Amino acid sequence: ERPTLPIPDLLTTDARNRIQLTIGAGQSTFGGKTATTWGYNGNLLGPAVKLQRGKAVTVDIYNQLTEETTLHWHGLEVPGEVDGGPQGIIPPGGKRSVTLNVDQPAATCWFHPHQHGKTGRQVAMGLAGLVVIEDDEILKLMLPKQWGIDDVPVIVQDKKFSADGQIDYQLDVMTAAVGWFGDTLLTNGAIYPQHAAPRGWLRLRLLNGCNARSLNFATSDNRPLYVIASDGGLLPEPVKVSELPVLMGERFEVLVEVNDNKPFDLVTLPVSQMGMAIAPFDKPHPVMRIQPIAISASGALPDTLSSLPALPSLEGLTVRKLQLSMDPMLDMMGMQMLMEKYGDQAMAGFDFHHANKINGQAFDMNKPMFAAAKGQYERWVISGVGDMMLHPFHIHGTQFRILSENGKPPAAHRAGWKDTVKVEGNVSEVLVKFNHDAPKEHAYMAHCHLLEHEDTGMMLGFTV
C-alpha cells in the first residue's frame, strides 16, 4: 500500500488524426528485482487510447521488438483487416498503420498481442493497453471523469518470476491445461499500490488482464460496488453488488463511494478454478489501497445510464454450435503436474500444442470454420460440456448479448453489452451481430481467453 498507482497516459489523436504506438522491450522493477518487460510507448503495459464515436483515427504501430507481433483491439467493432488477429503480423523493425472508424457506444476496451501460438507469452511479458471510447451519450451523465484522479483504470494481472527476477513464462503441458498463473499480483504494473481518491464518487475501470486467473472484486470493509458498464459499455442503470466476478479479458466500470476519510482496499476474493486458490490467493488478496483525500470532485451516480435495444426475437435466427474440448491426455497429464508441483491445495475451492479445440479442430489459420451473416443477429451456442475447465469465450468484431450463461439467464450486470461469456462445464447462448466485414485473409477470431488454451488450439476463424 505504498507506491502510488501508476496511471496509463491518456493518448489522443494529433493534428493529423494519427496516434503512434511503439512496441518495445525495457526494464521494470518488481519487489526490488529488475526484469525485462515489454510495453507500448513504455517498458510495461501501455497507454489508454482515447477514441470518439464517429471519428476516424489512424494508428501507426512500430514493432521495435526482435520478433513478430500483432495488435488486436479487443472489444472494437471494426473490420477484420484492422482487427489484428494472428494474420496481422508486424515484422520486427517494421511499421504498420490501421484506420479505426469507431461506431459503437462509449466503452472501456483494450488492446493486446494476438501472435499465433504466442499470445500468452507476449501478454505475460507486459503487453497490454486500454481503449477509452467516448460518445455524446456518456458525457451528459456527469460521471467521475478526471482521468487518474476520480476516473481510474485498474488493470489487474498476475505474474510468476524466476529467482533471477525475470518473468517465468512457459507454455508447457500444465499451463496448456490449466493456464499460466503466478503468485504475484500487479495493479497497473505495481505491487499493491495506493491510489489517492477525492471524497464523493470514485470510478474504477476494471480489467482482468491475467492470462488465466479469474478474479472477484470486493472492498475490505464490504462497502458496495455500483456497476455502471460492462465489456461493451454502459448498462441501462446501475447494478449494486457486494462482489464482482471478472473473467479474463472482461471489463467492468464501477463507482465506489468515498464517504469518509478512512482508507480501505479494493480486494479480490478466492475463486473456484484449477490452480487459482493456491496461496496467497486462498484468501482475500488486496489489489490496491484507496486513500481518501479532500480535493475537488463533482462526479455522480445517476439513476439511469443508457437505453439498450431489446433482445431480438429468436425465431428464424441462424444457430451455430461451438463445442469446446480438451484432449483427455492433456487434462490428466496437466493435472498430474499441477498436483506434483503444488499438492492438495491445487484443487482447493501426443502434441499438447494442438490438444485444445472447437468442434474437434485445433486452430488452423488457413481454414475459417464458416462465414457468419453481416448485419443479422445469430444465436451462437457454446458448450463446455465434457470438461470442468473455465472458458471465458471471446468473439472478435462484436459486442453481443448473453441470452443464457452456463445454464441460467445472465446476472443483471452481465445482461448488457458483452464480448465475453462464461463457459464452464455447461452451455451458453449469445445473440451476436457483425456490423463489419472480415475476409479469409483477415478473418475474425472466436476463442477461449484463457490464453494458453487459445495458444494450444481453442480458437477458430470466421469470415463476414
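Residues carry their position along the shown sequence, with the first being 1. Only the largest set of C-alpha atoms that superpose within 1.5 Å between the two forms is called the rigid core.
Is the larger C-alpha RMS shift in 6 other deposited structures of this protein, relative to this form with the rigid core superposed, found in 291-299 or in 389-397? So, of the two stretches, the farther one in 6 other deposited structures of this protein is 291-299.
Determine, for 308-316 and 97-105, which one has C-alphas that on average lie farther from this form in 6 other deposited structures of this protein; superpose on the rigid core first. Of 308-316 and 97-105, the stretch deviating more in 6 other deposited structures of this protein is 308-316.
Length class of the unmodelled deposited segment, which would lie between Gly349 and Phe350: The entry has 10 or more unmodelled residues between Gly349 and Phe350.
Segment of higher mean CA temperature factor, 333-341 or 179-187: The stretch with the larger average C-alpha B-factor is 333-341.
When the C-alpha temperature factors are averaged for each of 384-392 and 220-228, which stretch ends up with the higher value in the entry? Result: 384-392.
Per the PDB entry, maximal CA B factor within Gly32, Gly397, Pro47, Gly39: It is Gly32.
Which is it among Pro270, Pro245, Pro105, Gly84: the one with the largest CA B-factor in the entry? It is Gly84.
Lowest, middle or highest third - CA B-factor, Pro113: For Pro113, whose C-alpha B-factor we compare with every modelled residue in the chain, the answer is the middle third.
Chain thirds of CA B-factor: placement of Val423: Within its chain, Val423 is a middle-third residue by C-alpha B-factor, going by the deposited values.
Check where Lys140 lands among this chain's C-alpha B-factors and tell me if it's the lowest, middle or highest third. According to the entry, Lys140 has a C-alpha B-factor in the chain's highest third.
Quick check on the deposited entry: does the C-alpha B-factor of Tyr377 sit in the lowest, middle or highest third of its chain? As the PDB entry reports it, the C-alpha B-factor of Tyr377 lands in the middle third of its chain.
Sort the modelled residues of this chain by their C-alpha B factor and say whether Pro198 lands in the lowest, middle or highest third. For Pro198, the deposited C-alpha B-factor lands in the middle third.
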